[PDB]
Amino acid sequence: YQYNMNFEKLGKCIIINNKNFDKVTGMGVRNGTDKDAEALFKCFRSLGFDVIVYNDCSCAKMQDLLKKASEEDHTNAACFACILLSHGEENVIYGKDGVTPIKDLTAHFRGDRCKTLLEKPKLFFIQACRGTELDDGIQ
């Protein structure tokens, strides 16, 4: 009933910390994201992840990063975690240069596309907007 955590490693943790964006994108600097990223780094480090923080990544870069992790050998890892900190719209997230779909980033880890994380939890934590609606609250 629980995932088996008896492994040499908890697993890899990728943190993508997009802060500064190309002016072509029209998007502001994401002030505050550094205090996020380093708070994230200690937490997931303290959990037991091997955390690496990449900054201001392009869409191609973001793709490459997850593609590469997809291709690593996770045989001795319990699980995988990826954390995305950026601007966003629904189903898509911003690189420095523009947008790329979240599905494409995560698809690399599908069971048929990453056999050493089969039956293993694959965790994506995403701090980004998903549209423009506001929630006004009540009570």
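Sequential numbering from 1, following the sequence displayed.
Visitor: On mean C-alpha B-factor from the PDB entry, just flag whether 80-88 or 23-31 is the higher one.
Guide: Per the PDB entry, the higher value belongs to 23-31.
Visitor: Which has higher Cα B-factors on average according to the PDB entry: 40-48 or 91-99?
Guide: On average, C-alpha B-factors are higher across 91-99.
Visitor: According to the PDB entry, is the CA B factor of residue 113 in the bottom, middle or top third of its chain, that is, lowest, middle or highest?
Guide: CA B-factor rank for residue 113: highest third.
Visitor: Divide the modelled residues of the chain into thirds by Cα B-factor and specify which third, lowest, middle or highest, holds residue 107.
Guide: CA B-factor rank for residue 107: lowest third.
Visitor: State the tercile, meaning the lowest, middle or highest third, of residue 60 with respect to the CA B-factors recorded for its chain.
Guide: As the PDB entry reports it, the C-alpha B-factor of residue 60 lands in the middle third of its chain.
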